[PDB]
Every structure is written in C-alpha cells, then in structure tokens.
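What follows is one chain in structure tokens, specifically the form solved without its partner chain.
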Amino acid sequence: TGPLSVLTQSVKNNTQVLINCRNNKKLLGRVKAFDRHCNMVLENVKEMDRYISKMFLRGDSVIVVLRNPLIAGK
C-alpha cells in the first residue's frame, strides 16, 4: 500500500514513525491504532518542540509517514 502499509507494519513492529504533515509539521512516535483515513492513536510523541504522551491525530493532516526503526550494527 501507499502509507497504510507503512502503518500496519509500524503497529506490528512497535516501531517509531515520522509523520510529515500538511504545513511543515512533523510528529514522531509510535502508532497504536490507525484507520483507513490515516486517523491514528499515537503514544510518546515528539512534535517538530513539545512532548505528548498520547494523541489522537486526524488523517487529513498527513502527507507522508516514514519508518524510523532502531537497527543493531553497521
């Protein structure tokens, strides 16, 4: 999928996600839940600053969602 598969995968891996939004906003955290419209429940969110523990985001902000995993090794 476009972004829907970034998200299903992100929920599966519990892996951090960079949500690039509308007018130059970025949100970095974990996707708990999400729907087809890219509405999301998010935890441990860093807004690009500001920390937000739990958040409901509406889909129509979203341009692109990028994965940001932690990897061991070179």
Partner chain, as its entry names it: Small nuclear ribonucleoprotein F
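Numbering follows the first chain given and starts at 1. Shifts are known only where both forms have a C-alpha. Only the largest set of C-alpha atoms that superpose within 1.5 Å between the two forms is called the rigid core.
Quick note: we don't show the form deposited with its partner chain bound, though the next part is all about it.
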*Wondering, does residue 12 line up within 4.5 Å of its partner chain in the entry with it bound on heavy atoms?*
no
*Within 4.5 Å of its partner chain in the entry with it bound: residues from 12-46 (heavy atom criterion)*: 20, 22, 36, 37, 38
*Comparing between the shown form and the other one on the rigid core, is the C-alpha shift at residue 8 2 Å or larger?*
no
*Superposed on the rigid core, which segments of at least three residues move by 2 angstroms or more at the Cα between the shown form and the other one?*
1-3, 68-73
